[PDB]
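Worksheet: one structure, shown below.
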Amino acid sequence: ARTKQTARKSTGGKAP
Amino acid sequence: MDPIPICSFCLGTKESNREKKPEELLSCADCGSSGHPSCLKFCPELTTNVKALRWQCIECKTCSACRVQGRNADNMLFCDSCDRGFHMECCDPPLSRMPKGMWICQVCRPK
Ligand SMILES: [Zn+2]
Ligand SMILES: [Zn+2]
Ligand SMILES: [Zn+2]
Ligand SMILES: [Zn+2]
């Protein structure tokens with residue numbers, strides 16, 4: 001399953 | 001809040017995703033942050049499902065059943081069909097083990 005953690009890493013960071 | 005016409009991940013508009021190709025944004029209904037589905041890593045049918053719903057981004061997402069984030073918000077499951085978030089203890093029935101692979105929430109399941 002996808003979690004808030006897996007999704008956050010799956011995308012990588014927001015642009016700084 | 002009204003959508004920010006820029007993707008939070010690649011800073012492109014709907015006219016230029018990471019491949020410099022046009023692609024409509026998904027926009028968080030709570031904070032207005034947006035992202036290309038390709039940048040969010042959403043599959044096509046998840047994307048078309050999310051487009052028809054009131055979507056929240058990863059950081060705004062509250063559990064659709066109990067409506068809170070709570071201290072363990074990082075282990076909230078996201079529906080592979082609709083991207084709604086559910087705490088494990090709020091699933092139907094409540095889960096004590098993290099599902100491996102595809103998981104689909106109670107809202108998407110048939111009556
Ligand atoms: Zn993007
Ligand atoms: Zn948001
Ligand atoms: Zn909950
Ligand atoms: Zn769902």
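Each ligand, and each atom within it, is numbered from 1 in the order the structure gives. Every chain is numbered from 1, with letters handed out A, B, ... down the list of sequences.
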Could you tell me whether the side chain of [Y] reaches within less than 4.5 Å of the side chain of [X], counting heavy atoms only?
| X | Y | result |
| --- | --- | --- |
| B:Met76 | B:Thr62 | no |
| A:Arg2 | B:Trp103 | no |
| B:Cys39 | A:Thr11 | no |

Legend entry - Atom name in B:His36, limited to N/O/S, at shortest distance from the Zn ion (ligand 1): ND1

Legend entry - B:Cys39 SG and B:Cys10 SG subtending at the Zn ion (ligand 1) (10° steps): 110°

Legend entry - Angular separation of B:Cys28 SG and B:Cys31 SG about the Zn ion (ligand 2), given to 10°: 110°

Legend entry - Proximal heteroatom of B:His87 relative to the Zn ion (ligand 3) (N/O/S):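 Checking each N, O and S atom of B:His87, the shortest distance to the Zn ion (ligand 3) belongs to ND1.
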
Inset, instruction - Answer yes or no on whether A:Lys4 is positioned over the face of B:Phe78, meaning its NZ or CZ is under 6.0 Å from the six-membered ring centre and within 45° of the axis. - result: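 No, a cation-pi geometry is absent between A:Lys4 and B:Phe78.
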
